[PDB]
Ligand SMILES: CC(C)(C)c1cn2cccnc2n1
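Let's start with one chain on its own, the form deposited without the named molecule, as structure tokens.
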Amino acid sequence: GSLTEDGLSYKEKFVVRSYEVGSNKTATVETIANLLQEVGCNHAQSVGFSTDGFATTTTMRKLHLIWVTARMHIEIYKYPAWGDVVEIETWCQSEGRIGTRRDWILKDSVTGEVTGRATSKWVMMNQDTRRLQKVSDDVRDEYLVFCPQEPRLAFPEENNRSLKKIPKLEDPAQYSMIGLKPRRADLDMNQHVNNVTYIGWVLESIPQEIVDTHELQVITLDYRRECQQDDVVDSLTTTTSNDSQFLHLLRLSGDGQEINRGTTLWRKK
């Protein structure tokens, strides 16, 4: 992988592995989300971020600040097959004092066709108190160094799906998968649950018949609170809809505290 000629974005190619694919011999959406995180991490290393797993700037380290994910939104047109090469381009943008955004475009390396796109929103937090805060002038100045100054959006459309508000699922849920818990493979190098694990847990409550007859086209996931290593999670889903749409909720098994909410859109094969 490498920064592009202008140094404002980063590209990397991945060969899809045997264990990364599902029943149709194409990459799962969790494999896609892991590749998006990996290229994001390689881009951060290439522009001087800390190499301790927290991806912080110099000002952030001085002030004990970290970024936390607020939303992930992925749209896939074609999942790459086992052995195929996918090229992913990523870049960041500051959104004033609100937070920052990381965007991605996925392409078939042989054809050059766009096969998917993604966007994520991040908010600043004090690492010690876990309290949110606005982005300071010093941090916005650091982002100006390696971000395009004119807007560059993976989702340019007017009132596009990636910014839509998600409602809270009402009990009783139509479907559920109870008692989910992370194992060590679900943790990152800093012993926090990996963001991709929550996508897997959301999908656990989709019936196997939908997975067998449909392809996932869009997933939008809000993150509200982290699941700790000793927490247990319930995954709830209700149909809201040739397309099938669902509303999702992840909450702690032991008090019902919400940790995530989301929606998925599926197309019949």
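Only residues modelled in both forms are compared. We call the rigid core whatever largest set of C-alpha positions still superposes within 1.5 Å between the two forms. One-based numbering along the sequence shown.
As for the form deposited with the named molecule bound, it is not shown, yet the points below apply to it.
Worksheet item: Every residue in 47, 92 and 143 with a non-hydrogen atom within 4.5 Å of the named molecule in the entry with it bound?
Response: Looking in the entry with it bound, the three residues 47, 92 and 143 all sit within 4.5 Å of the named molecule (heavy atoms).
Discussion item. Even though the partner isn't displayed, in the entry with it bound is residue 63 close enough to the named molecule, meaning a heavy atom within 4.5 Å?
Written reply: Residue-level check for residue 63: no, no contact with the named molecule.
Item to complete: Check whether residue 218 has any heavy atom within 4.5 Å of a heavy atom of the named molecule in the entry with it bound, and answer yes or no.
Response: No, residue 218 stays farther than 4.5 Å from the named molecule in the entry with it bound.
Worksheet item: Out of 108-139, which residues reach within 4.5 Å of the named molecule in the entry with it bound, heavy atoms considered?
Response: The stretch touches the partner through 122 alone.
Worksheet item: Do any runs of 3 or more residues shift their CA by 2 Å or more between this form and the one not shown on a core fit, and if so, which ones, in sequence order?
Response: Run moving 2 Å or more: only 53-55.
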